[PDB]
Structure formats: structure tokens, C-alpha cells
Trainee: 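One structure follows; several queries about it will come next.
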Amino acid sequence: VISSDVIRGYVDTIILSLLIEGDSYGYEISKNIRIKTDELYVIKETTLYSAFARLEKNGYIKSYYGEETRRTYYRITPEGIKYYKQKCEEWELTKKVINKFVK
Amino acid sequence: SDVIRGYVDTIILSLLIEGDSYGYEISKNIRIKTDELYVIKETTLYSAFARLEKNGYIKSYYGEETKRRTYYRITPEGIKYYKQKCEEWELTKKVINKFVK
Ligand SMILES: [Hg+2]
Ligand SMILES: [Hg+2]
Ligand SMILES: [Hg+2]
Ligand SMILES: [Hg+2]
């Protein structure tokens with residue numbers, strides 16, 4: 001297991017990161033998180049679905065709708081790509097700080 | 001951040017492994033070591049001393065009265081916790097590095 005405190009800081013950035021690869025939807029995103037982390041991080045549904053809500057409200061992603069049978073898909077916005085890049089730079093600084101002490 | 005909250009204690013324990021220390025000196029060493037990138041707040045630092053001591057990870061002792069300075073020394077359990085948090089950090093970096101590029 002990993003730091004809950006750090007991961008809380010990066011949930012949105014991790015979801016944005018997957019959306020930069022391609023448009024996606026709730027179940028695919030959480031599936032992709034656990035698989036790509038080698039099972040080290042499995043995201044809670046409540047964590048995931050309040051993140052979408054926040055990401056949308058903030059204007060970092062947009063919803064759209066598949067065919068009726070309707071699935072909600074998200075696509076990352078230019079404003080969401082810029083938030084992602086800021087958080088990437090932040091992660092680099094965060095790492096630099098903690099690697100000094102935690103060796 | 002609330003991100004650094006996860007490793008405040010481990011940062012203090014790390015300095016304590018290099019030697020006994022006290023509040024002003026721990027704070028200065030953080031400033032210096034990070035070259036200003038991290039400066040711990042006085043409330044955060046005294047909270048962490050208090051929690052570390054509650055948890056049995058450090059012990060306080062006292063200098064001469066000149067008021068008396070409060071020193072801390074890491075315990076064997078403090079070292080155990082430190083090394084589990086190092087492993088955790090490496091795993092954390094792995095996870096976040098997977099996405100944040
Ligand atoms: Hg594990
Ligand atoms: Hg992928
Ligand atoms: Hg270590
Ligand atoms: Hg380690």
C-alpha cells in the first residue's frame with residue numbers, strides 16, 4: 001500500500017492523465033487505474049464520481065452521451081490539459097522535496 | 001499541501017536519524033535541505049512532535065536551564081516506522097509516475 005494523503009492530491013490528475021490518452025467512462029477509468037498500477041491503487045466509486053463532478057464543474061472535462069440502450073463519456077478540455085501540466089510540475093517539486101529526506 | 005501531510009513525520013524522523021535535534025534546528029534543516037522549497041509551519045511542527053511522541057516514535061529530553069531546550073531522540077520503533085514509510089513512498093511514486101508525465 002501507498003500514501004492515502006498523496007493520492008488524494010492526485011486523483012484528478014490521474015483521471016485527466018487517462019483522458020489525455022482517450023475519451024473514457026467511469027468503469028473503464030477505474031479499471032484502468034487498478035490495472036496500470038498493478039493493483040496498487042483501486043479507486044472507490046464515490047471518490048471517482050465526485051472527481052468527475054468536480055472536474056466538470058471546474059471545466060477540465062466535458063461529458064457527452066453514447067447511444068441509447070446511454071453511457072456518459074468524458075473528454076479532457078484545453079483548460080484541463082493546463083491544470084494537468086501544473087500538477088505535473090507540482091509532482092516533480094513534491095518528489096524533489098520528499099526524496100531529500102525519505103531515502 | 002495536504003500532500004506533504006503524509007510525510008511530515010517521516011521528514012522529521014529522517015533528520016532525527018542523523019542526530020538528536022530540537023524544534024528550531026529541525027525547522028532550519030528543512031529550509032536548508034530543500035533550499036526553501038519546503039518551510040514547515042510552527043503549528044505543523046509542534047503537532048508532529050506531539051504525535052510522534054504519543055506514537056512512541058521519539059522521546060523528549062531537556063537541556064540546561066538558560067527556560068530549557070527540548071530535545072528529541074528517535075526510538076527503535078521510530079526507525080521501524082521510518083523504514084515502512086520509505087517503502088510506502090517508493091510505491092506511491094510508482095503509482096503517480098504511472099500517470100503524471
Ligand atoms: Hg503492498
Ligand atoms: Hg494505456
Ligand atoms: Hg529509508
Ligand atoms: Hg525505502
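A note on names: the letters A, B, ... follow the listed sequences, proteins ahead of strands, and every chain is numbered from 1. Numbering of ligands and ligand atoms starts at 1, following listing order. Worth knowing before you read on, the calculation uses all heavy atoms, side chains too, and leaves out hydrogens, waters and symmetry mates.
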Trainee: Once salt bridge (charged side-chain N to carboxylate O under 4.0 Å, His left out) is applied, what residue pairs with a partner in residues 60-77 of chain A remain, sequence neighbours excluded?
Mentor: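 Counting only pairs at least two positions apart or across chains, the salt bridge (charged side-chain N to carboxylate O under 4.0 Å, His left out) contacts touching residues 60-77 of chain A are A/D23-A/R75, A/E68-A/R70.
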Trainee: Taking 3.0 Å as the cut-off, does A/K103 contribute an N, O or S atom near the Hg ion (ligand 3), distance below it?
Mentor: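 Here the distance criterion (N, O or S atom, under 3.0 Å) is met by A/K103, so yes.
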Trainee: If the cut-off is 3.0 Å, does any N/O/S atom of A/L18 fall short of it from the Hg ion (ligand 2)?
Mentor: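 No, since none of the N, O or S atoms of A/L18 sits under 3.0 Å from the Hg ion (ligand 2).
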Trainee: With sequence neighbours left out, what residues match A/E56 under salt bridge (charged side-chain N to carboxylate O under 4.0 Å, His left out)?
Mentor: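 Per chain and number, A/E56 pairs via salt bridge (charged side-chain N to carboxylate O under 4.0 Å, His left out) with no residue.
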Trainee: How would you list, by chain and number, every residue that makes a ring pair (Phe, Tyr, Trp, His ring centres under 6.0 Å) with B/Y61, sequence neighbours excluded?
Mentor: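 Scan of B/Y61 (ring pair (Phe, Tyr, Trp, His ring centres under 6.0 Å), adjacent residues dropped) gives B/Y71.
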Trainee: Could you tell me whether the side chain of B/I79 reaches within less than 4.5 Å of the side chain of B/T75, counting heavy atoms only?
Mentor: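 No - every pair of side-chain heavy atoms lies 4.5 Å or more apart.
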Trainee: Decide, yes or no, whether a salt bridge links A/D38 with B/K94 under the criterion of side-chain N to carboxylate O below 4.0 Å.
Mentor: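 Looking at A/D38 and B/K94, the cut-off is met.
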Trainee: A cation-pi test, strictly: NZ or CZ of A/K36 under 6.0 Å from the centre of the six-membered ring of B/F99 and no more than 45 degrees from its axis. Yes or no?
Mentor: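 No - A/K36 does not lie over the ring of B/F99 by the 6.0 Å and 45° rule.
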Trainee: Under a plain distance cut-off of 3.5 Å, with no hydrogens placed, do B/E64 and B/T66 share a side-chain donor-acceptor pair?
Mentor: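 Not at all, the side chains of B/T66 and B/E64 share no donor-acceptor pair under 3.5 Å.
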Trainee: Could you grab the protein N, O or S atoms closer than 3.0 Å to the Hg ion (ligand 1) for me?
Mentor: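 Near the Hg ion (ligand 1), below 3.0 Å, one finds A/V1 N.
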Trainee: If you look at A/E21, which of its N/O/S atoms is nearest to the Hg ion (ligand 2)?
Mentor: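 Within A/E21, restricted to N, O or S, the Hg ion (ligand 2) is closest to atom OE1.
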